[PDB]
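Protein chains in written order, with PDB author numbering: chain L, 1 to 281; chain M, 1 to 302; chain H, 11 to 250. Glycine residues also receive a C-beta, built at the ideal position from the N, C-alpha and C atoms.
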Amino acid sequence: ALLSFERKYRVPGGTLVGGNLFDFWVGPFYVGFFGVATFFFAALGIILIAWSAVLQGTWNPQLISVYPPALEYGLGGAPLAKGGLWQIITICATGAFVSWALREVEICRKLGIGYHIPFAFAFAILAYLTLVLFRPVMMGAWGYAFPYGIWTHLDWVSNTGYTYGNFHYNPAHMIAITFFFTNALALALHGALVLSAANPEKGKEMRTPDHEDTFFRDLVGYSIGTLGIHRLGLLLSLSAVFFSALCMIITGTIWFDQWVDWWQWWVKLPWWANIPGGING
Amino acid sequence: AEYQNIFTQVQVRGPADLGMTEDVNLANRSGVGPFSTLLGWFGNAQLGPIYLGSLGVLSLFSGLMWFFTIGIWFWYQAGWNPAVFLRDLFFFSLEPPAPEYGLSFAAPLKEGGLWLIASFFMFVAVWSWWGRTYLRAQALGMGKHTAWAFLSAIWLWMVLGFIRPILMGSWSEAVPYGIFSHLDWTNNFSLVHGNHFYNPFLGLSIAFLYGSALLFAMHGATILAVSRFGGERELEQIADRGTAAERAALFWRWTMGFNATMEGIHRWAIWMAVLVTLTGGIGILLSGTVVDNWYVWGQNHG
Amino acid sequence: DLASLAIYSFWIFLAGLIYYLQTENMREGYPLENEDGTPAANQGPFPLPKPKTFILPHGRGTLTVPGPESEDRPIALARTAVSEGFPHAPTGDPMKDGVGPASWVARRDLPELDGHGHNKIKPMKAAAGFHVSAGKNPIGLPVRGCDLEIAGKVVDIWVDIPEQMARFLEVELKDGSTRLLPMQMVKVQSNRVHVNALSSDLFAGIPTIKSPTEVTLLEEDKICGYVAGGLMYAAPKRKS
Ligand code: BCL
Ligand SMILES: CC[C@H]1c2cc3[nH]c4c(c3C)C(=O)[C@H](C(=O)OC)c4c3nc(cc4[nH]c(cc(n2)[C@@H]1C)c(C(C)=O)c4C)[C@@H](C)[C@@H]3CCC(=O)OC/C=C(/C)CCC[C@@H](C)CCC[C@@H](C)CCCC(C)C
Ligand SMILES: CC[C@H]1c2cc3[nH]c4c(c3C)C(=O)[C@H](C(=O)OC)c4c3nc(cc4[nH]c(cc(n2)[C@@H]1C)c(C(C)=O)c4C)[C@@H](C)[C@@H]3CCC(=O)OC/C=C(\C)CCC[C@@H](C)CCC[C@@H](C)CCCC(C)C
Ligand SMILES: CC[C@H]1c2cc3[nH]c4c(c3C)C(=O)[C@H](C(=O)OC)c4c3nc(cc4[nH]c(cc(n2)[C@@H]1C)c(C(C)=O)c4C)[C@@H](C)[C@@H]3CCC(=O)OC/C=C(\C)CCC[C@@H](C)CCC[C@@H](C)CCCC(C)C
Ligand SMILES: COC(C)(C)C(=O)C/C=C(\C)CC/C=C(\C)CC/C=C(\C)CCCC/C(C)=C/CC[C@H](C)CC/C=C(\C)CCC=C(C)C
Ligand SMILES: CCCCCCCCCCCC[N+](C)(C)[O-]
Ligand SMILES: CCCCCCCCCCCC[N+](C)(C)[O-]
Ligand SMILES: CCCCCCCCCCCC[N+](C)(C)[O-]
Ligand SMILES: CCCCCCCCCCCC[N+](C)(C)[O-]
Ligand SMILES: CCCCCCCCCCCC[N+](C)(C)[O-]
Ligand SMILES: CCCCCCCCCCCC[N+](C)(C)[O-]
Ligand SMILES: [Fe+3]
Ligand SMILES: [K+]
């Protein structure tokens, strides 16, 4: 099963590891060395999680959860139902994600395209590794990490958030959100634009990229351009996830207090702070 | 050092682009603004021209009246002292009328009738601006996609300060204009309703937001990977498929076992994005009207 | 319960949405083929969509999708194995043949038109009032290949008019003929333009354009395909 055009591209090579050995396909999926690694890290990782579901006495994805070793075990090892599992699973996870990105690099090489995609993936892996690794190791316990389970990790969020107060007051978090909120606006536009032009009014001819630039200049008085909007949403996206990891790495480490209180540095600047009137006067 | 196409290597400039004409009225379209070599390195360098009509001015007016009406009050709180103004800037707020005033306009200015004023100004400014996103497209004879996608964002915005406060019987349920204040309203809303995380629409709203960031990261990166085959010119790959379109589809097929089309991907785009504020608008609208507590609801409904 | 209704209603909408989105994304490449080009047996759960037809601007005809899927070119690959799912080795010179990373689609032999029906891409000599506004002007810079040998010089910049951006560098060779190098594949330096994707011996191979006032969708694809392919294929002559 290939696509009508697929066969010409299916030449050998591009592999980082192993030469011709794993270089071949299964269905649409390319394999490669790292296709196998991914499988193995994902296989193992699922099995552990499956076997961590027994110790808790449920198969209910809603219920199932794998908690990190408690603050007492620190950065050391822990018994399996005691949070050792989570630790290996994280190894399996971090493995299967990185095996994934590298498999994506091997696909880039066969298709003679740029590495932009698995570069961008790495920003999501880094957010994750912040949460399960960089933050915990800076804080000295694997228990500070989020647990793996559908709602139970969302519990982790609301608890970790409110530890610091209303979390909205984390400035790096405000920045991260502004990117997330923008990017979605930039996705909505980019899609709506390209579609409007390929699907114009009834009976009309397909519009042109010139109509695209026009519509926006007509609208907000500027158009970033088609090479632009792609750089844009890619930036707005990686930006968003960068400040997300940033907002969380400073939290608990260089700032453990109530985030709203952080903003006093501004209020308490000398050339205003004691002037009567206002909110904080 | 292999060149990655994130920043323009060599800019060129040529005659200011006045743009396509079609059915547009050119009497309402301004002249070209400057060319930013700065912008150039990323997107286009050309500012303008911008179309400004009877509706474009209406919008542009109210939107400022909305922005002033707030800051006038923000000065009032500062006691007209610029040092305090600047300092307390995030702490200022213009707040909705007290619940005792219900849905009326009777509420005095310092009690939030000044809120209503700015809010009206907003309402006018936004729809009039939505007027533009349909009309500018009509004029060029393109699809209304931008108008519909915008409507999706308007949804949540209408729910927030308009539709919901009407269904709850008072304006006090609405959102205050201020930087830290509306942040609190958000957080306060969570508590009042039993941890908004238990609203299955926030569940989805967050997924689409997350997915919007994931997909535009994929899409954007992808087009940049195939840009060496001129991938960015999407429309003419739609009419005539380039190796760019094939190499794109094939990366994803080989990775995830399926793939998109160069027109198709944009439908994934417009939707994934739209659904953030689409779902999320419902989630709010249902809160306090129907479901008072999302934890409670979550125990009796799945 | 109203909300419980809403949310149920949504999960059903979202299934149909994913259906519509998937069927729509099947408008090319489908129906699937076996490696021998015969329609494959297993097509997946998703049916082909009712076709649509685009009206191309400026009398360019139409496009109807989905449609009959043919490559409209010869493929220089042969099977490397006895079963499905294996690499296909090029028979000839894959660069010259246009396979793998050097693959090209056979697209229209006419250049892309801007909104006004003029060619989207002109060399800058013919571009009226177009001039480099920033960055190092590459024109007159020697061009080096991945083997660090001069492949000749940059005699112009082919620019996209309506997007006002560089696209190709027209490069003159030893025999005084010119080839177009895609902008995304060249690194313009202080003292030279550098092409990592190709060595110098491979420059003369770059597909040539007929009318050298213009370049066409088919000719862009042949050149872009070619240069990109060089990454994998010129690997033995690439130092560093
Ligand atoms: C009550 C809780 C607090 C709060 C506390 C926190 C906390 C605590 C955190 C955030 C984080 C975030 N919050 Mg906050 N947040 C609050 C209020 C908000 C509001 C709002 C409207 O009020 C918003 C929009 C946000 C938005 C955000 C973002 C800035 C960020 C989430 C994105 C992210 O990190 O990506 C990161 C994305 C990933 C890590 C994705 C990982 C994907 C990996 C690489 C691979 C997955 C593979 C998968 C397993 C494969 C599936 C198999 C099959 C193929 C399907 N917060 C409230 C006040 N917020 C998070 C953050 O910044 O983390 C760094 C975070 O930890
Ligand atoms: C899922 C839906 C996403 C979305 C989509 C979306 N938004 C949209 C659209 C779409 C499809 C449009 O078509 C429309 C648009 O035109 O985009 C460019 C728009 C839009 N989305 C906007 C904002 C916006 N979108 C948001 C979000 C989202 N919109 C979602 C992520 C948010 C958030 C996250 O809260 C915001 C704040 C606007 C840019 C625009 C709607 C324009 C509008 O209604 O304008 C009102 C009228 C005015 C005249 C504006 C008044 C200006 C003042 C308030 C500020 C003055 C500043 C001044 C002091 C500066 C001085 C100049 C300096 C140079 C010195
Ligand atoms: C950085 C920008 C955004 C982004 C980008 C991004 N994501 C990407 C890519 C890119 C560029 C890819 O190329 C890659 C891909 O193939 O996309 C389809 C991918 C991807 N992003 C994905 C998911 C994902 N991305 C997210 C976010 C983001 N990704 C950012 C918003 C999120 C969120 C919001 O949380 C998720 C869930 C996958 C669909 C895919 C990666 C698939 C992959 O690597 O699979 C290999 C692993 C497995 C098949 C299974 C792992 C099983 C075990 C090894 C570990 C168990 C994990 C454990 C931690 C479970 C946790 C349970 C939760 C409830 C907590
Ligand atoms: C802290 C309190 C809790 C909370 C509350 C909360 N979240 C919310 C809301 C509320 C009350 C919403 O109303 C909104 C929503 O959709 O709810 C379902 C939302 C939401 N929570 C989200 C995310 C989120 N919430 C989280 C958490 C929480 N949210 C907490 C549990 C988290 C995490 C990680 O903990 C995330 C990721 C989003 C998915 C969604 C908001 C999506 C979005 O893009 O909304 C913003 C967009 C608009 C309001 C559109 C406005 C469009 C135009 C009308 C703008 C016009 C502006 C113009 C007039 C001026 C602009 C100036 C110039 C530029 C012109
Ligand atoms: C020196 O400064 C000067 C004086 C120049 C200034 O003017 C500075 C001004 C300021 C710095 C002000 C800046 C203002 C803010 C910081 C804005 C903050 C606002 C928010 C964060 C917005 C959040 C929410 C917005 C919402 C959801 C609004 C809801 C609007 C409704 C949909 C509209 C409903 C309309 C009403 C109630 C009236 C009804 C009548 C009808 C006929 C419609
Ligand atoms: C969101 C980006 C906003 C950019 C707006 C630029 C508008 C151009 C206006 C230029 C006016 C020129 N002229 C001759 C009429 O004065
Ligand atoms: C209202 C301005 C009228 C349009 C004139 C535009 C001139 C572009 C600005 C000069 C460019 C100089 N620089 C350094 C950016 O290259
Ligand atoms: C919203 C668009 C953002 C425009 C930002 C432009 C950034 C300029 C980048 C500098 C380019 C690097 N340089 C000078 C070496 O080419
Ligand atoms: C000038 C604003 C446009 C009308 C929209 C808002 C209604 C007016 C509310 C002002 C309240 C005045 N009063 C006497 C009731 O306090
Ligand atoms: C257009 C792409 C569709 C992507 C769908 C994303 C599925 C996420 C489902 C999460 C469900 C959350 N919740 C609370 C409703 O259960
Ligand atoms: C939530 C995003 C995931 C949507 C899944 C899309 C359908 C997957 C099956 C695609 C069909 C592949 N196939 C066999 C037709 O080539
Ligand atoms: Fe695109
Ligand atoms: K010239």
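Under a Cβ-count criterion, where at least 16 other Cβ atoms within 10 Å of its own Cβ denotes burial, should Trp271(L) be classed as buried or exposed?
Translated into the one-based positions of the first sequence, residue 271(L) becomes position 271. By the 10 Å Cβ count, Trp271(L) comes out exposed.
Could you check whether the Cβ of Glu234(M) sits closer than 6 Å to any heavy atom belonging to ligand 12?
Taking the second sequence and counting its residues from 1, the one referred to as residue 234(M) is at position 234. Yes, ligand 12 has a heavy atom inside 6 Å of this Cβ.
Specify, as a first and last residue, the run of the alpha helix (DSSP H) that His182(M) falls within.
Working through the second sequence from its first residue, we reach residue 182(M) at position 182. Counting along the chain, the alpha helix (DSSP H) containing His182(M) begins and ends at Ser181 to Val192.
For the alpha helix (DSSP H) that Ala96(L) lies in, which residues bound it at each end?
In the first sequence, residue 96(L) corresponds to position 96, counting from 1. Taken as a continuous stretch (DSSP letters only), the alpha helix (DSSP H) holding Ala96(L) covers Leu85 to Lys110.
Within 10 angstroms of its Cβ, does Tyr18(H) collect 16 or more other Cβ (buried), or is it exposed?
Mapped onto the third sequence, residue 18(H) falls at position 8. The residue is exposed, with fewer than 16 neighbouring Cβ atoms inside 10 Å.
When DSSP labels each residue in this structure, what does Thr218(H) get in the three-state scheme?
As a position in the third sequence, residue 218(H) is number 208, starting the count at 1. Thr218(H): coil per DSSP, three-state reduction.
Sort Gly45(L), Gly228(L), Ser99(L) and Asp261(L) by Cα distance to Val31(L) and report the nearest one.
Stepping through the first sequence from its first residue, residue 31(L) is reached at position 31. Nearest C-alpha to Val31(L): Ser99(L).
Of the residues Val169(H), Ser80(H), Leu123(H) and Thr90(H), which one's Cα is nearest the Cα of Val115(H)?
Looking up residue 115(H) in the third sequence gives position 105. When only C-alpha atoms are compared, the closest one is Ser80(H).
Could you tell me whether any non-hydrogen atom of ligand 13 is closer than 6 Å to the CB of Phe7(M)?
As a position in the second sequence, residue 7(M) is number 7, starting the count at 1. Checking every heavy atom of ligand 13 against the Cβ of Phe7(M), none is found closer than 6 Å.
DSSP beta-bridge partners of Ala99(H):
The residue you call residue 99(H) lines up with position 89 of the third sequence. Bridge partners of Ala99(H): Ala88(H).
Minimum Cβ-Cβ distance from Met242(H) to chain L less than 7 Å
Numbered from 1 along the third sequence, position 232 holds the residue referred to as residue 242(H). Judged by the 7 Å Cβ criterion, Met242(H) is in contact with chain L.
Against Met175(H), what residues of chain L qualify as contacts under a CB-to-CB distance less than 8 Å, listed in chain order?
As a working mapping, residue 175(H) is identified with position 165 in the third sequence. Within chain L, the residues near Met175(H) are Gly225 and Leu227.
Listing by chain order, which chain L residues have their CB less than 7 Å from the CB of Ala138(H)?
What you label residue 138(H) is simply residue 128 of the third sequence in a count that begins at 1. Result: empty, since nearest Cβ-Cβ is about 17 Å, beyond 7 Å.
Test item: CB-CB of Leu190(H) and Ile233(H) under 7 Å
Residue numbering aside, residue 190(H) sits at position 180 when the third sequence is read from its first letter. Residue numbering aside, residue 233(H) sits at position 223 when the third sequence is read from its first letter. Yes, the Cβ-Cβ distance between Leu190(H) and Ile233(H) is below 7 Å.
Please identify, using Cβ separations under 8 Å, the residues of the stretch 194-214 of chain M that lie next to chain H, in order along the chain.
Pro200, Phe201 and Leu204
Can you tell me where the alpha helix (DSSP H) holding residue 308(M) begins and where it ends?
In the structure as shown, chain M starts at 1 and stops at 302, and residue 308(M) therefore has no counterpart that could be examined.
Given that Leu158(H) touches chain M, what residues does it touch there, using C-beta distances under 8 Å?
To locate residue 158(H), count along the third sequence from 1; it is residue 148. None at all; the shortest Cβ gap to chain M is about 14 Å.
Quiz: which residues have CB nearer than 6 Å to ligand 9 non-hydrogen atoms
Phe105(M), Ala106(M), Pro108(M), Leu109(M), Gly113(M), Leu116(M), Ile117(M) and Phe120(M)
In angstroms with no decimal places, state the Cα-to-Cα distance between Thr188(H) and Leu227(H).
Taking the third sequence and counting its residues from 1, the one referred to as residue 188(H) is at position 178. Taking the third sequence and counting its residues from 1, the one referred to as residue 227(H) is at position 217. Using only the alpha carbons, I get a separation of about 18 Å.
List, from N- to C-terminal side, the alpha helix (DSSP H) runs of 4 residues or more that fit wholly inside the stretch 98-137 of chain H.
104-107
Does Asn35(H) get closer than 7 Å to chain M when you measure Cβ to Cβ?
Position 25 of the third sequence, counted from the start, is the residue given in the question as residue 35(H). For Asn35(H), the answer is yes, since a Cβ of chain M falls inside 7 Å of its Cβ.
Hey, is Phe208(M) close to ligand 11, as in C-beta under 6 Å from one of its heavy atoms?
For the purposes of this step, residue 208(M) is taken as the residue at position 208 of the second sequence. No.
DSSP on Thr163(L), reduced to helix/strand/coil?
Counted from its first residue, the first sequence places residue 163(L) at position 163. Note: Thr163(L) maps to helix in three-state DSSP.
Chain M residues whose Cβ lies nearer than 8 Å to that of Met206(L):
Residue 206(L) sits at position 206 when you count from the first residue of the first sequence. By Cβ distance, chain M contributes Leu235, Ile238 and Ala239.
Check whether the Cβ of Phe216(L) sits closer than 6 Å to any heavy atom of ligand 8, and report yes or no.
By one-based count along the first sequence, residue 216(L) stands at place 216. No, Cβ of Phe216(L) sits at least 6 Å from all heavy atoms of ligand 8.
Closer than 6 Å to a non-hydrogen atom of ligand 1 - does that hold for the CB of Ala124(L)?
Taking the first residue of the first sequence as 1, we reach residue 124(L) at position 124. Because some heavy atom of ligand 1 lies under 6 Å away, the Cβ of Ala124(L) counts as near it: yes.
Pull the bridge partners of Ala144(H) from the DSSP assignment, please.
As a first step, residue 144(H) must be located in the third sequence, where it is residue number 134. For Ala144(H), which the question treats as bridged, DSSP gives the partners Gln11(M).
In or out: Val137(L) buried (at least 16 other Cβ within 10 Å) or exposed?
Working through the first sequence from its first residue, we reach residue 137(L) at position 137. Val137(L) should be labelled exposed.
One question on the structure: do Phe123(M) and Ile279(L) come within less than 7 Å of each other, judged by their Cβ atoms?
The sequence position of residue 123(M) within the second sequence is 123, counting from 1. The sequence position of residue 279(L) within the first sequence is 279, counting from 1. Going by C-beta atoms, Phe123(M) is not nearer than 7 Å to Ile279(L).
Who are the Cβ neighbours of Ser223(L) in its own chain at under 6 Å, not counting the five residues just before and after it?
If you number the first sequence from 1, residue 223(L) lands on position 223. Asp213, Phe216 and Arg217, listed in sequence order.
Contacting residues, own chain, Cβ-Cβ under 6 Å from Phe74(M) (five flanking each side not counted):
Within the second sequence, numbered from 1, the residue matching residue 74(M) stands at position 74. So the list reads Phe92, once near-sequence residues are dropped.
Length of the line joining the Cα atoms of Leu16(L) and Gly56(M):
Taking the first residue of the first sequence as position 1, residue 16(L) is located at position 16. Taking the first residue of the second sequence as position 1, residue 56(M) is located at position 56. If you take the alpha carbons of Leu16(L) and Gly56(M), they lie about 56 Å apart.
Cβ contact (3+ pairs, closer than 8 Å) linking the stretch 112-130 of chain M and the stretch 160-170 of chain L
no
Bridge partners for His204(H) per DSSP, in chain order?
One-based indexing of the third sequence puts residue 204(H) at position 194. Answer is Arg154(H) and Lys197(H).
What does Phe96(H) touch in chain L if you count any residue whose Cβ is under 7 Å from its own?
Residue 96(H) sits at position 86 when you count from the first residue of the third sequence. Those are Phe24, listed as they occur along chain L.
Sufficient close CB pairs (3 or more, under 8 Å) joining the stretch 255-269 of chain M to the stretch 24-42 of chain H:
yes
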